[PDB]
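Report on one structure; see the data block that follows.
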Amino acid sequence: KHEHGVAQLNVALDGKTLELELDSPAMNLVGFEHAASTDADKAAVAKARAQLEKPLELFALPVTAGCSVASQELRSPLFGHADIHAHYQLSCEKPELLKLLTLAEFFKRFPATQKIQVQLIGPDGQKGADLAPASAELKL
Ligand SMILES: [Zn+2]
Ligand SMILES: [Zn+2]
Numbered sequence: 015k016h017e018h019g020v021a022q023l024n025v026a027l028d029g030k031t032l033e034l035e036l037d038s039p040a041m042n043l044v045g046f047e048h049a050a051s052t053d054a055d056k057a058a059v060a061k062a063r064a065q066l067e068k069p070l071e072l073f074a075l076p077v078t079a080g081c082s083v084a085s086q087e088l089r090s091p092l093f119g120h121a122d123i124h125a126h127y128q129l130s131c132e133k134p135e136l137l138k139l140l141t142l143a144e145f146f147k148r149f150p151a152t153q154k155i156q157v158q159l160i161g162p163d164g165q166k167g168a169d170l171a172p173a174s175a176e177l178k179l
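The sequence shown runs 15 to 93, 119 to 179 under the entry's author numbering.
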């Protein structure tokens, strides 16, 4: 799907491993999808790329759970419709303390995003949910 204002989040939590795949039209992240001609356009892309480099902050992961970034890919053309793909593998020393997942911070920092669609998979099974700025929590 490429619906402006909607992003997909796949989440896989197995023991100490946390895996996060975000797919999004750029419209909700930089505010356009045209090539980055100008240099008030180039700044807008650098800002986005920077917030996407700090997943512990953007996904508001508890510090209690001792989560570390193992690895991180950010593919996009901007790095005539355009997507942005972000992939993160994370290692958490105390995953028992990963109770909830808030996209509150995400909606804060990319407010042109109206909805995120979450797949979660753990050893417990598969969970699905539309998150909105109102309703932005999911129980793991
Ligand atoms: Zn588009
Ligand atoms: Zn990927």
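Even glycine gets a Cβ: it sits at the ideal position worked out from N, Cα and C.
Note that the C-beta distance between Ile160 and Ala26 is below 7 Å.
Taken from the Cβ of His120, at least one heavy atom of ligand 1 lies inside 6 Å. In this structure, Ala171 and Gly45 do not form a Cβ contact; the two beta carbons are roughly 20 Å apart against a cut-off of 8 Å. Between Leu179 and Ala125, the gap from beta carbon to beta carbon reaches 7 Å or more. With the criterion CB distance below 6 Å from any heavy atom of ligand 2, the matching residues run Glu35, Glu87, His124 and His126 along the chain.
In the structure shown, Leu34 falls within a strand segment according to DSSP collapsed to helix, strand and coil. By alpha-carbon distance to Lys166, the top candidate from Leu140, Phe145 and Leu72 is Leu140. Taking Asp122 as reference, the option from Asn42, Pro162 and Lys30 with the minimal CA-CA separation is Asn42.
Judged by DSSP in its simplified three-state form, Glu47 adopts coil rather than helix or strand. In the three-state scheme derived from DSSP, where H, G and I count as helix and E and B as strand, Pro134 is classed as helix. Here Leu136 is exposed, its C-beta having fewer than 16 other C-beta atoms within 10 Å.
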